[PDB]
Structures are given as structure tokens and as C-alpha cells.
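Colleague: Coordinates in data.cif, mmCIF, C-alpha atoms, are listed below.
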data_start
#
loop_
_atom_site.label_atom_id
_atom_site.label_comp_id
_atom_site.auth_asym_id
_atom_site.auth_seq_id
_atom_site.Cartn_x
_atom_site.Cartn_y
_atom_site.Cartn_z
CA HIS Q 152 -4.49 12.22 7.17
CA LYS Q 153 -3.71 15.96 7.67
CA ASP Q 154 -2.70 17.54 4.37
CA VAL Q 155 -1.68 14.18 2.95
CA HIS Q 156 -3.41 13.15 -0.25
CA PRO Q 157 -4.99 9.67 0.06
CA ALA Q 158 -2.93 8.35 -2.88
CA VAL Q 159 0.25 9.40 -1.07
CA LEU Q 160 -1.00 7.95 2.21
CA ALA Q 161 -1.46 4.49 0.63
CA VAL Q 162 1.97 4.56 -1.04
CA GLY Q 163 3.74 5.60 2.18
CA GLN Q 164 1.99 2.89 4.13
CA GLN Q 165 3.29 0.44 1.51
CA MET Q 166 6.82 1.76 2.01
CA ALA Q 167 6.63 1.57 5.84
CA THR Q 168 4.88 -1.84 5.65
CA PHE Q 169 7.85 -2.92 3.54
CA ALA Q 170 5.42 -3.93 0.79
CA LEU Q 171 7.38 -1.59 -1.52
CA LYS Q 172 11.08 -2.33 -1.17
CA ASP Q 173 13.29 -1.29 -4.08
CA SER Q 174 14.06 2.34 -4.92
CA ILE Q 175 12.63 2.11 -8.45
CA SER Q 176 9.26 0.66 -7.30
CA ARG Q 177 9.17 3.26 -4.59
CA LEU Q 178 9.89 6.03 -7.11
CA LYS Q 179 7.18 4.93 -9.58
CA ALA Q 180 4.53 4.59 -6.87
CA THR Q 181 5.51 8.05 -5.63
CA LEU Q 182 5.39 9.67 -9.08
CA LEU Q 183 1.95 8.16 -9.74
CA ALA Q 184 0.59 9.32 -6.37
CA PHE Q 185 2.02 12.78 -7.06
CA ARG Q 186 0.33 12.62 -10.43
CA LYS Q 187 -3.00 12.23 -8.62
CA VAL Q 188 -2.10 15.07 -6.21
CA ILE Q 189 -1.62 17.43 -9.16
CA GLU Q 190 -4.91 16.29 -10.75
CA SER Q 191 -6.69 17.04 -7.50
CA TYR Q 192 -4.91 20.35 -6.98
CA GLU Q 193 -6.90 23.58 -7.07
CA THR Q 194 -5.19 26.95 -6.75
CA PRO Q 195 -6.47 29.04 -3.82
CA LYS Q 196 -8.25 32.29 -4.76
CA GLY Q 197 -5.80 35.12 -5.47
CA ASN Q 198 -2.86 32.71 -5.61
CA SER Q 199 -0.75 30.88 -8.19
CA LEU Q 200 0.45 27.30 -8.34
CA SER Q 201 3.99 28.68 -8.83
CA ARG Q 202 3.82 30.21 -5.34
CA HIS Q 203 1.33 27.94 -3.44
CA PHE Q 204 1.84 24.36 -4.62
CA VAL Q 205 5.30 23.41 -3.32
CA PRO Q 206 5.11 24.68 0.23
CA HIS Q 207 1.38 23.97 0.94
CA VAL Q 208 0.66 20.82 -1.06
CA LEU Q 209 3.76 19.01 -2.33
CA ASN Q 210 6.01 19.35 0.71
CA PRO Q 211 3.47 17.84 3.16
CA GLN Q 212 3.38 14.70 0.94
CA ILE Q 213 7.19 14.51 0.94
CA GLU Q 214 7.33 14.96 4.70
CA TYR Q 215 4.83 12.20 5.17
CA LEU Q 216 6.72 9.81 2.89
CA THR Q 217 9.99 10.62 4.68
CA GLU Q 218 8.33 9.74 7.96
CA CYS Q 219 7.25 6.32 6.55
CA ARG Q 220 10.77 5.59 5.38
CA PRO Q 221 13.92 7.57 4.66
CA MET Q 222 13.77 8.45 0.97
CA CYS Q 223 16.04 6.81 -1.61
CA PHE Q 224 18.18 8.89 -4.04
CA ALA Q 225 15.66 8.15 -6.83
CA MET Q 226 12.87 9.89 -4.93
CA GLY Q 227 15.20 12.68 -3.87
CA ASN Q 228 16.27 13.25 -7.49
CA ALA Q 229 12.77 13.16 -8.94
CA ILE Q 230 11.57 15.67 -6.29
CA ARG Q 231 14.39 18.08 -7.08
CA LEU Q 232 13.50 17.83 -10.80
CA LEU Q 233 9.77 18.32 -10.16
CA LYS Q 234 10.31 21.35 -7.95
CA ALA Q 235 12.53 22.87 -10.65
CA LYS Q 236 9.68 22.25 -13.14
CA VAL Q 237 7.22 24.06 -10.88
CA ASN Q 238 9.66 26.96 -10.61
CA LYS Q 239 9.64 27.44 -14.44
CA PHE Q 240 6.02 28.59 -14.04
CA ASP Q 241 5.01 32.17 -13.15
CA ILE Q 242 2.06 33.83 -11.39
CA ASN Q 243 0.65 34.62 -14.85
CA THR Q 244 0.72 30.95 -15.88
CA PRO Q 245 -2.81 29.50 -16.11
CA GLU Q 246 -3.52 26.54 -13.82
CA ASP Q 247 -4.99 24.05 -16.30
CA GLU Q 248 -1.92 24.64 -18.53
CA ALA Q 249 0.50 24.25 -15.61
CA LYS Q 250 -1.19 21.10 -14.38
CA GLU Q 251 -1.15 19.54 -17.84
CA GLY Q 252 2.56 20.36 -18.17
CA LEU Q 253 3.39 18.73 -14.83
CA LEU Q 254 1.35 15.64 -15.80
CA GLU Q 255 3.18 15.22 -19.09
CA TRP Q 256 6.46 15.85 -17.33
CA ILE Q 257 5.76 13.06 -14.80
CA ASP Q 258 4.76 10.69 -17.60
CA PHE Q 259 7.89 11.60 -19.46
CA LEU Q 260 10.03 10.99 -16.37
CA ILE Q 261 8.47 7.59 -15.62
CA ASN Q 262 8.98 6.50 -19.16
CA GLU Q 263 12.53 7.70 -19.61
CA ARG Q 264 13.99 7.03 -16.14
CA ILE Q 265 12.02 3.85 -15.30
CA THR Q 266 10.12 2.06 -18.06
CA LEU Q 267 12.44 2.60 -21.03
CA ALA Q 268 15.46 2.54 -18.68
CA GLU Q 269 14.76 -1.08 -17.68
CA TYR Q 270 14.48 -2.23 -21.29
CA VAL Q 271 17.62 -0.43 -22.44
CA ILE Q 272 19.78 -1.59 -19.51
CA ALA Q 273 18.66 -5.22 -19.85
CA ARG Q 274 19.18 -5.15 -23.61
CA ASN Q 275 22.54 -3.42 -23.48
CA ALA Q 276 23.76 -5.59 -20.57
CA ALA Q 277 22.64 -8.75 -22.43
CA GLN Q 278 25.04 -7.71 -25.22
CA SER Q 279 27.82 -8.46 -22.75
CA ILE Q 280 26.58 -12.03 -22.36
CA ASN Q 281 27.92 -14.53 -24.89
CA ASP Q 282 27.52 -18.22 -25.64
CA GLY Q 283 29.34 -20.39 -23.10
CA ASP Q 284 29.54 -17.67 -20.42
CA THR Q 285 29.20 -18.29 -16.74
CA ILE Q 286 27.39 -15.57 -14.90
CA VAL Q 287 27.45 -14.95 -11.16
CA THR Q 288 24.89 -12.89 -9.30
CA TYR Q 289 23.72 -12.34 -5.71
CA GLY Q 290 20.13 -12.53 -4.51
CA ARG Q 291 17.40 -11.29 -6.79
CA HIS Q 292 17.72 -7.95 -8.51
CA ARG Q 293 15.18 -7.03 -11.19
CA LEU Q 294 17.73 -5.55 -13.65
CA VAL Q 295 19.88 -8.70 -13.41
CA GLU Q 296 16.84 -10.93 -13.90
CA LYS Q 297 15.70 -8.94 -16.97
CA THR Q 298 19.17 -9.10 -18.48
CA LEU Q 299 19.47 -12.85 -18.05
CA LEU Q 300 15.98 -13.41 -19.47
CA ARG Q 301 16.87 -11.16 -22.42
CA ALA Q 302 20.09 -13.05 -23.26
CA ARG Q 303 18.21 -16.33 -23.16
CA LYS Q 304 15.46 -14.98 -25.43
CA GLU Q 305 18.25 -13.89 -27.79
CA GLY Q 306 19.11 -17.59 -28.03
CA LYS Q 307 22.27 -17.50 -25.91
CA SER Q 308 23.31 -20.51 -23.88
CA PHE Q 309 25.04 -19.75 -20.62
CA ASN Q 310 25.33 -20.78 -17.00
CA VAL Q 311 24.18 -18.85 -13.98
CA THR Q 312 25.39 -19.12 -10.42
CA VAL Q 313 23.03 -17.59 -7.91
CA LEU Q 314 24.43 -16.79 -4.50
CA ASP Q 315 22.17 -15.76 -1.62
CA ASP Q 316 21.70 -14.28 1.83
CA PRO Q 317 20.61 -17.20 4.09
CA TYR Q 318 18.31 -14.84 6.01
CA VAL Q 319 16.48 -13.36 3.02
CA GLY Q 320 16.51 -16.18 0.43
CA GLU Q 321 15.12 -14.25 -2.57
CA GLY Q 322 17.76 -15.79 -4.86
CA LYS Q 323 15.96 -19.14 -4.75
CA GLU Q 324 13.01 -17.46 -6.48
CA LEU Q 325 15.38 -16.01 -9.10
CA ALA Q 326 16.86 -19.48 -9.67
CA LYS Q 327 13.31 -20.75 -10.11
CA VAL Q 328 12.46 -18.17 -12.78
CA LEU Q 329 15.74 -18.64 -14.70
CA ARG Q 330 15.35 -22.42 -14.69
CA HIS Q 331 11.79 -22.05 -16.05
CA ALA Q 332 13.30 -19.94 -18.86
CA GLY Q 333 15.64 -22.85 -19.71
CA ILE Q 334 18.81 -21.48 -18.08
CA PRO Q 335 21.00 -23.92 -16.11
CA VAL Q 336 21.32 -22.50 -12.59
CA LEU Q 337 23.58 -23.34 -9.65
CA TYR Q 338 22.05 -22.10 -6.42
CA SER Q 339 23.77 -21.40 -3.14
CA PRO Q 340 21.77 -20.26 -0.07
CA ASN Q 341 24.89 -18.59 1.36
CA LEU Q 342 28.28 -17.02 0.67
CA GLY Q 343 30.15 -20.08 1.94
CA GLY Q 344 33.17 -21.08 -0.16
CA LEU Q 345 32.96 -17.80 -2.05
CA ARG Q 346 36.34 -17.99 -3.80
CA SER Q 347 35.25 -21.33 -5.31
CA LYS Q 348 31.96 -19.83 -6.60
CA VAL Q 349 33.56 -16.87 -8.43
CA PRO Q 350 36.30 -18.02 -10.87
CA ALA Q 351 38.33 -15.59 -13.00
CA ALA Q 352 36.52 -16.55 -16.23
CA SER Q 353 33.02 -15.88 -14.80
CA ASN Q 354 31.17 -12.57 -15.09
CA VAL Q 355 29.46 -11.02 -12.08
CA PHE Q 356 26.31 -8.94 -12.65
CA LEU Q 357 25.02 -6.97 -9.68
CA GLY Q 358 22.17 -4.55 -9.00
CA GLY Q 359 21.64 -2.18 -6.07
CA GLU Q 360 19.60 0.56 -4.43
CA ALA Q 361 21.88 3.53 -5.22
CA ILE Q 362 25.25 4.77 -6.37
CA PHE Q 363 27.01 7.34 -4.23
CA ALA Q 364 29.00 10.34 -5.41
CA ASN Q 365 32.26 8.46 -4.71
CA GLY Q 366 31.10 5.73 -7.09
CA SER Q 367 30.25 3.07 -4.50
CA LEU Q 368 27.20 0.85 -4.71
CA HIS Q 369 24.55 0.78 -2.02
CA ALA Q 370 23.12 -2.75 -2.21
CA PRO Q 371 21.76 -5.59 -0.01
CA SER Q 372 24.25 -6.80 2.53
CA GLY Q 373 26.65 -9.43 1.11
CA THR Q 374 26.92 -7.77 -2.34
CA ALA Q 375 30.28 -6.27 -1.35
CA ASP Q 376 31.73 -9.66 -0.41
CA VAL Q 377 30.77 -10.99 -3.85
CA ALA Q 378 32.31 -7.97 -5.68
CA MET Q 379 35.47 -8.10 -3.55
CA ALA Q 380 35.93 -11.85 -4.16
CA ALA Q 381 35.43 -11.42 -7.89
CA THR Q 382 37.80 -8.43 -8.14
CA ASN Q 383 40.49 -10.58 -6.51
CA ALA Q 384 39.91 -13.46 -8.89
CA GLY Q 385 40.23 -11.14 -11.92
CA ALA Q 386 36.56 -11.58 -12.79
CA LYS Q 387 34.53 -8.72 -14.28
CA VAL Q 388 32.06 -7.03 -11.93
CA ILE Q 389 29.25 -5.33 -13.83
CA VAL Q 390 26.78 -3.19 -11.99
CA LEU Q 391 23.38 -2.44 -13.55
CA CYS Q 392 21.67 0.74 -12.41
CA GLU Q 393 19.33 3.52 -13.59
CA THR Q 394 20.82 7.03 -13.64
CA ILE Q 395 18.03 8.29 -11.33
CA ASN Q 396 19.59 6.13 -8.56
CA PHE Q 397 22.88 8.10 -8.73
CA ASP Q 398 23.72 10.74 -6.20
CA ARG Q 399 24.37 13.57 -8.63
CA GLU Q 400 24.36 16.26 -5.94
CA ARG Q 401 27.16 15.80 -3.34
CA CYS Q 421 16.09 -0.46 10.98
CA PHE Q 422 16.23 -0.19 7.18
CA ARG Q 423 19.89 0.90 6.92
CA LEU Q 424 21.44 -2.23 8.50
CA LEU Q 425 20.54 -4.62 5.66
CA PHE Q 426 22.65 -2.75 3.10
CA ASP Q 427 26.40 -2.73 2.57
CA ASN Q 428 28.76 -0.56 0.53
CA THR Q 429 30.67 -1.78 -2.50
CA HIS Q 430 33.67 0.52 -3.09
CA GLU Q 431 34.18 1.48 -6.77
CA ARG Q 432 37.55 -0.32 -6.63
CA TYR Q 433 35.53 -3.57 -6.75
CA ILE Q 434 33.38 -2.46 -9.67
CA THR Q 435 34.63 -2.97 -13.24
CA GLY Q 436 31.89 -0.89 -14.79
CA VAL Q 437 28.33 0.36 -14.48
CA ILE Q 438 25.70 0.02 -17.20
CA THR Q 439 22.92 2.67 -17.14
CA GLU Q 440 20.13 3.59 -19.56
CA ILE Q 441 22.47 6.25 -21.09
CA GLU Q 442 23.44 5.18 -24.62
CA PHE Q 443 25.12 8.25 -26.10
#
Now that the file is in, can you turn its structure into C-alpha cells?
Modeller:
Amino acid sequence: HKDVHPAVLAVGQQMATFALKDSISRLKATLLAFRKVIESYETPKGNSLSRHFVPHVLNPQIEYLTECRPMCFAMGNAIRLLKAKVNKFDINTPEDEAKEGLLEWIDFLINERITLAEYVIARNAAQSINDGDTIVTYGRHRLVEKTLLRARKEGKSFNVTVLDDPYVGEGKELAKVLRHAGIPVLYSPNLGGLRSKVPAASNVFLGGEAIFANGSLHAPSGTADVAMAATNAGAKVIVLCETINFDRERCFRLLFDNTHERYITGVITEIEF
């Protein structure tokens, strides 16, 4: 409880419960809870939001969320942007007008960095897919799934190989969905016989949790083995990721590995121009 807004409390519990797993879902839930925090916010008498809000109201929510789980880059980036937005306000700024500005700024951020970003990445990545292609992917990543569904809806006929982590198994669900969409899928529960699974002609599409300043991809463990195997075969390795997941400024950890940029052919983001 404490200073924590109930909306934030519920979202953090979802993060710690592991009900919310990916960085993008975590970010959206956070932005919406923060949206409610701002709605609820009332400036103390003789004070301004520009001076009071960040240290007394916003920061306790962030501290609570950090306690539930270490924050992803997406959350870190959004928070830095929001705090800069608050700083554009002055003591003379009226509260209703400040609150409305923050609310439209959050809505704008969700749309541009999450909602529209997913559509644009899937559409632009699907452009890379052509008739007769063989696509390789690992586990189930939402951007990869959206891309494959988009190419199929565009009328393209292609093959998909889905590789998995034997301990997680989410890829089986992806294979299910793709098959339902009419896509022929080859499913492997593990990374056994990896060189066989990734030929030179195939294209590998991967998604992750973050991209570091050095260009490496933070992604579920076993992603790196797939990218390394493909890079050695001469196969293209395409990583799909929202810009908000980039580190622009520079337990849970164990189930991630690092894919060095050397094993990544290119990254597709929502940025078009």
C-alpha cells in the first residue's frame, strides 16, 4: 500500500507474479496505471505539480514496480520521457491543463511506441517474406507471430520452422496458431541438430526483450545459439524490435542470453523514415 496507487499495485503484482512477462506488455500496463495516477493526482495547497508530482507521487510508484521486478529498458525509457514532460511545466502552469497534457502525452506514447509500432514492424517485416521462403524462428515472440500472420494474409505461401526451449515450450503454441492460419510448420521442441534446421537459404526472424547500446539482443535463452548457427550458415538473421526497447542512454536474469550484433544481419523497428 503506502504511497502506491492501487492501479500500480495491481500491475506490479502482475509483474512479480510473472503474469506480465514481455517488456512491451509491461510497459503498456505501466503507462495505463500511470495514466490513472495522474487522473487521481491533486496538487497540495501552495504547491505545483512541476515541483511536487515526481518526487512525492511518481517516484514511489516506480520504486514499487522496481521492487516487484527489475525494470526493462522500455519502462526506463518511458519514465525518462515522462519526467522530461513534467519538467516542461512551471509553477504557474494550471493543474487541469498539466494533467490533460500528460494524459494526451501518454496516449500518444502508447500509440506511437506500442500500438502503431506493432503494426508497422509486422507489415514492414512481412515485406521481406516472399513466396517460397523458408522462415526459421525460436519460441514464440509476438512481433514474429504478427509478421508471419501478416505475410500469410497478404497471400504469401511459405514454410516456417519453429525451434523451442524444451523447458518453456511456448513455440508449440506458435506452431498451433500458424498452422490454423494455413502456414505449413515444422516444430522442434529443442535446439538439437541445429545446423540441420537452419540452412543458408532460410531466413531467421527473431524477437527479444531489449537491445543494448553495443547492438546486442537481450532475448530468451537459446536465441543466441539460433543466431550464431544461422550466421555461420550464411542465413539472414532479422531481429524485430520496437525503438522503445533500445538502450539509447549508455531469478529473472538467468533465462535470457545475449546475441552479439555480429550474429544479427539487421534490425527492423517502427522507424520508417
Colleague: Give the answer as one residue: which of Q:347, Q:271, Q:208, Q:354 has the shortest atom-to-atom distance to residue Q:284, using only C-alpha atoms?
Modeller: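 The answer is Q:354, which sits nearest to residue Q:284.
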Colleague: Write out, as CSV, each residue of stretch 152-192 of chain Q that has an atom at most 6 Å from stretch 212-220 of chain Q, together with the closest pair of atoms and their distance in Å to one decimal, counting all atoms listed in the file, rows going by chain and rising number.
Modeller:
residue,atom,partner,partner_atom,distance
Q:155,CA,Q:212,CA,5.5
Q:163,CA,Q:216,CA,5.2
Q:167,CA,Q:219,CA,4.8
Colleague: If the PyMOL selection byres ((chain Q and resi 339) around 9) is run on the structure shown, which residues does it catch, given as a PyMOL selection string?
Modeller: chain Q and resi 312-317+322-323+337-338+340-343
Colleague: Take the PyMOL selection byres ((chain Q and resi 425) around 6), apply it to the structure above, and return the hits as number ranges by chain.
Modeller: Q: 371-372, 423-424, 426
Colleague: Looking at Q:422, Q:192, Q:356, Q:289, which one is nearest to residue Q:272, with distances taken over all atoms listed in the file?
Modeller: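 Nearest candidate to residue Q:272 out of Q:422, Q:192, Q:356, Q:289: Q:356.
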Colleague: Under the rule that only C-alpha atoms are counted, which of Q:290, Q:191, Q:333, Q:267 is the nearest residue to residue Q:308?
Modeller: Q:333
Colleague: Taking all atoms of stretch 234-251 of chain Q that the file lists and extending 6 Å past them on each side, where is the centre of the axis-aligned box and how long are its edges? Answer in Å to one decimal, as AutoDock Vina command-line options.
Modeller:
--center_x 3.8 --center_y 27.1 --center_z -13.2 --size_x 29.5 --size_y 27.1 --size_z 22.6
Colleague: Could you tell me which residues the PyMOL selection byres ((chain Q and resi 384-394) around 9) grabs in this file, written as a PyMOL selection string?
Modeller: chain Q and resi 175+225+264-265+268-269+272-273+276+294-295+346+349-362+368+378-383+395-399+433-441
Colleague: Counting all atoms listed in the file, figure out which residue out of Q:203, Q:169, Q:211, Q:189 gets nearest to residue Q:153.
Modeller: Q:211
Colleague: Could you tell me how far atom CA of residue Q:334 sits from atom CA of residue Q:280, in Å to one decimal place?
Modeller: 13.0 Å
Colleague: Neighbouring residues of residue Q:186 were defined as those with any atom within 9 Å, considering only C-alpha atoms; residues of the same chain fewer than 4 positions away were excluded. Please report them as a ChimeraX atom specification.
Modeller: /Q:181-182,190-191,253-254,257-258
Colleague: Using all atoms listed in the file for the distances, tell me which of Q:233, Q:188, Q:377, Q:166 is nearest to residue Q:154.
Modeller: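 Closest candidate: Q:188.
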Colleague: May I ask for the distance between atom CA of residue Q:321 and atom CA of residue Q:376, given in Å to one decimal place?
Modeller: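 Those two atoms sit 17.4 Å apart.
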Colleague: Find the distance between atom CA of residue Q:443 and atom CA of residue Q:222 and write it in Å to one decimal.
Modeller: 29.4 Å
Colleague: Between Q:430, Q:297, Q:179, Q:348, single out the one closest to residue Q:369, counting all atoms listed in the file.
Modeller: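 Residue with the minimum atom-to-atom distance to residue Q:369: Q:430.
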Colleague: Give me the residues within 8 Å of residue Q:242 as number ranges by chain, counting only C-alpha atoms and dropping any in the same chain fewer than 2 places off.
Modeller: Q: 198-202, 240, 244
